Engineer: 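First the structure, then my questions, so here it is.
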Amino acid sequence: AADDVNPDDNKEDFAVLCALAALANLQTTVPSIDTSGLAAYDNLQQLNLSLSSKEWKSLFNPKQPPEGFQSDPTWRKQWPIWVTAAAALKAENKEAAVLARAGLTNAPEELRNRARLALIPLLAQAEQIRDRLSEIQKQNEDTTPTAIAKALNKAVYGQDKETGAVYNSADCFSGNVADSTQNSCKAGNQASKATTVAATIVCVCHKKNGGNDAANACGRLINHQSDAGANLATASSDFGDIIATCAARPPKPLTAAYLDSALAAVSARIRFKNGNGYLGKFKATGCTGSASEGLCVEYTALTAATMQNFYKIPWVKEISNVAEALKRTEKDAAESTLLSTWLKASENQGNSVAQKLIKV
Ligand SMILES: *[C@@H]1O[C@H](CO)[C@@H](O[C@@H]2O[C@H](CO)[C@@H](O[C@@H]3O[C@H](CO[C@H]4O[C@H](CO)[C@@H](O)[C@H](O)[C@@H]4O)[C@@H](O)[C@H](O[C@H]4O[C@H](CO)[C@@H](O)[C@H](O)[C@@H]4O[C@H]4O[C@H](CO)[C@@H](O)[C@H](O)[C@@H]4O)[C@@H]3O)[C@H](O)[C@H]2NC(C)=O)[C@H](O)[C@H]1NC(C)=O
Ligand SMILES: *[C@H]1O[C@H](CO)[C@@H](O)[C@H](O)[C@H]1O
Ligand SMILES: *[C@H]1O[C@H](CO)[C@@H](O)[C@H](O)[C@H]1O
């Protein structure tokens with residue numbers, strides 16, 4: 001009976017599935033967009049405004065530019081930035097602190113004017129940097145620990161929640177379990193069912209009731225204290241025994257590379273026979289939990305040339321979406337470090353122009 005499903009026959013599949021299951025209820029840090037440069041740019045805006053004429057300052061003390069400028073593209077772009085700067089300078093002692101940092105406390109009118117003009121090229125250089133940093137901030141704002149946890153809890157348990165996700169067949173199998181194990185343990189088909197990591201573990205590892213089971217296929221250390229019932233009717237109790245043996249922890253912070261390597265590893269283990277793909281040992285008839293048949297997920301009609309469809313199965317899609325988001329955020333976080341360092345440097349440069357202008 002070496003060709004039947006025996007204890008340990010799905011042990012190596014189970015190690016990969018354990019790694020994936022450990023993405024449930026995850027508490028990870030995400031790469032941070034370093035937005036300290038936005039504050040540095042806002043300080044430069046405040047200096048520029050403080051040094052401006054009374055006629056210019058009068059424009060801010062409105063939701064839109066004044067008559068004549070409501071259609072000027074530069075005024076439309078800058079209005080909120082200017083308004084924020086004006087608002088921040090209303091705060092007690094703020095303008096005095098801004099001028100002091102710039103060397104401009106009690107500055108003569110001519111020096112205030114020459115200093116403001118000296119900021120023109122500096123601000124023009126910094127604008128493009130600040131706008132890229134603001135774009136990065138916006139583009140990555142949905143890449144958060146909470147959004148990742150929810151997506152991964154959909155992947156593992158079919159539950160769109162940040163924490164407290166647990167095995168429930170109503171969620172782990174699409175529409176709950178099917179009339180038969182064979183139909184429940186199919187994915188990608190018209191009647192796709194095994195659409196989460198947890199359902200995949202049930203199908204690859206469960207002990208069916210009624211004899212002729214493949215208990216301990218996923219490892220001899222599982223203590224199957226019950227069974228999954230007939231046709232997975234009571235899978236939850238058995239799943240709890242299986243998952244109790246899994247200790248996996250992903251690297252922290254979670255990376256795109258780690259998720260991509262996990263999906264690649266599964267892709268490398270799926271085997272094609274007679275027009276379907278299989279994860280877990282398949283002998284004949286279907287993925288039924290019976291030892292002489294199979295303990296597996298049947299990727300119905302999956303072939304090497306249609307493998308793109310594996311990436312559309314819910315759990316795979318959710319993990320893929322997390323990986324893609326992380327892939328962008330990792331790069332944009334590293335970019336933002338330098339954008340923010342550059343903008344802080346521009347702030348320091350702005351605070352130095354008065355010394356040059358005093359000396360001539
Ligand atoms: C730092 O703080 C200063 C203020 O101290 C602030 O300066 C102001 O910047 C704005 C935005 O660039 C300047 O707006 C221009 O205003 C002129 C008209 O100027 C008169 O009216 C204003 C408001 O009453 C007075 O402040 C000023 O002293 C003058 O009395 C407009 O003609 C400009 O429009 C052209 O440029 C825009 C910028 O790209 C275009 O969007 C627009 O379409 C216009 O360009 C077209 O027409 C041009 C003329 O024919 C042509 O040459 C172009 O190719 C194009 O075809 C613009 O609205 C304002 O004057 C500044 N005020 C002062 C006193 O300097 C800085 O903005 C602030 N720095 C930062 C980085 O925020
Ligand atoms: C697993 O159970 C099925 C259904 O009873 C049986 O057909 C196989 O022979 C057994 O190994
Ligand atoms: C299922 O059928 C195989 C032979 O095909 C047998 O070895 C198993 O014991 C039985 O359950």
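Starting from 1, each residue takes its place in the sequence as its number. When a ligand or atom number is given, it counts from 1 through the structure's own listing order. Only heavy atoms go into these numbers, but all of them, side chains included; no hydrogens, no water, no symmetry mates.
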Engineer: Within the 4.0 Å heavy-atom shell around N212, which atoms of ligand 2 are there?
Structural biologist: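 What qualifies from ligand 2 is 1 (C), 10 (C), 11 (O).
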
Engineer: Any side-chain to backbone donor/acceptor pair from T35 onto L38? Under 3.5 Å, distance only.
Structural biologist: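 Not at all, since once roles are kept as given, no pair shorter than 3.5 Å links the two residues.
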
Engineer: State whether the shortest distance between N or O atoms of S53 and N or O atoms of ligand 1 falls below 3.5 angstrom.
Structural biologist: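 It does not: no N or O of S53 is found under 3.5 Å from an N or O of ligand 1.
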
Engineer: Can you list the ligand 1 atoms lying under 4.0 Å from a non-hydrogen atom of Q78?
Structural biologist: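 So the atoms of ligand 1 that pass are 70 (C), 71 (C), 72 (O).
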
Engineer: Considering the heavy atoms of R116, write down every atom of ligand 1 situated less than 4.0 Å from one of them.
Structural biologist: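 Heavy-atom distances to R116 below 4.0 Å select 5 (O).
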
Engineer: Could you tell me which atoms of ligand 2, counted from 1 in the order shown, lie closer than 4.0 angstrom to a heavy atom of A291?
Structural biologist: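 Answer for ligand 2: 1 (C), 11 (O).
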
Engineer: Quick test of your reading of the model: are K281 and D9 salt-bridged, counting only N-O distances below 4.0 Å?
Structural biologist: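 Counted as a salt bridge, because a side-chain N and a carboxylate O are separated by less than 4.0 Å.
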
Engineer: Taking 4.0 angstrom as the limit and counting only heavy atoms of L123, give me the atoms of ligand 1 inside it, by number and element.
Structural biologist: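 That gives atoms 71 (C) of ligand 1.
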
Engineer: Can you check which of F69, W75, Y41 brings a heavy atom nearest to atom 13 (C) of ligand 1?
Structural biologist: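 Closest candidate by heavy-atom distance is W75.
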
Engineer: Identify, for atom 5 (O) of ligand 2, the protein heavy atom at the shortest distance, and state residue, atom and that distance.
Structural biologist: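 For this ligand atom, the closest protein heavy atom is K208 NZ, 4.6 Å.
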
Engineer: Would you mind listing which atoms of ligand 1 come within a distance below 4.0 Å of any non-hydrogen atom of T74?
Structural biologist: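 Taking each heavy atom of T74 in turn, ligand 1 has 11 (C), 12 (O), 38 (C), 39 (O), 41 (O) under 4.0 Å.
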
Engineer: List every atom of ligand 3 that sits less than 4.0 Å from any heavy atom of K283, numbering the atoms from 1 in the order shown and giving each element.
Structural biologist: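 Those atoms are 3 (C), 4 (C), 5 (O).
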
Engineer: Is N231 reaching over with its side chain to a backbone N or O of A233, donor-acceptor style, under 3.5 angstrom?
Structural biologist: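 Checking the backbone N and O of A233 against the side chain of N231, no donor-acceptor pair under 3.5 Å is found.
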
Engineer: Salt bridge or not for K283 and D3, using N-O below 4.0 Å?
Structural biologist: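 Salt bridge flag = yes for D3 with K283.
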
Engineer: Would you call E162 and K150 a salt bridge, using N to O less than 4.0 angstrom?
Structural biologist: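 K150 and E162: not salt-bridged.
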
Engineer: Given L44, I81, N48, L49, identify the one with the heavy atom nearest to atom 69 (N) of ligand 1.
Structural biologist: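 Looking at heavy atoms only, the winner is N48.
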
Engineer: Of the protein's non-hydrogen atoms, which lies at the shortest distance from atom 7 (O) of ligand 2, and what is that distance?
Structural biologist: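 Of every protein heavy atom, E293 OE2, 3.2 Å lies nearest to atom 7 (O) of ligand 2.
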
Engineer: For atom 8 (C) of ligand 3, which protein heavy atom lies nearest, and how many Å away is it?
Structural biologist: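 Its nearest protein heavy-atom neighbour is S292 OG, 2.8 Å.
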
Engineer: Does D131 come within less than 4.0 Å of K77, counting only side-chain N to carboxylate O?
Structural biologist: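 Looking at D131 and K77, the cut-off is met.
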
Engineer: Check the angle between the aromatic planes of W82 and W56 and answer parallel, tilted or perpendicular using the 30° and 60° thresholds.
Structural biologist: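 If you compare the ring of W82 with that of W56, the planes turn out perpendicular.
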
Engineer: Donor-acceptor pair, distance only, cut-off 3.5 Å: does the side chain of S174 make one with the backbone of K193?
Structural biologist: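 Pair absent, no side-chain N/O of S174 close to backbone of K193.
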
Engineer: Looking at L338, is its backbone amide N or carbonyl O close enough to the side chain of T341 to form a donor-acceptor pair, meaning the two atoms are under 3.5 Å apart?
Structural biologist: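 No, the answer is negative, given that no donor and acceptor are paired below the 3.5 Å cut-off.
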
Engineer: Please write down residue, atom name and distance for the protein heavy atom closest to atom 11 (O) of ligand 2.
Structural biologist: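 Looking at atom 11 (O) of ligand 2, the protein heavy atom closest to it is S290 OG, 2.7 Å.
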
Engineer: Quick check against the 3.5 Å criterion: does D13 have a side-chain atom that pairs as donor or acceptor with the backbone of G280?
Structural biologist: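 Yes, the answer is positive, given that a donor and an acceptor are paired below the 3.5 Å cut-off.
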
Engineer: Just jot down the ligand 1 atoms closer than 4.0 angstrom to any heavy atom of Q45, in number order.
Structural biologist: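 What qualifies from ligand 1 is 70 (C), 71 (C), 72 (O).
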
Engineer: Please identify which atoms of ligand 1 are closer than 4.0 Å to at least one heavy atom of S52.
Structural biologist: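 The list of qualifying atoms is 2 (O), 4 (C), 5 (O).
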
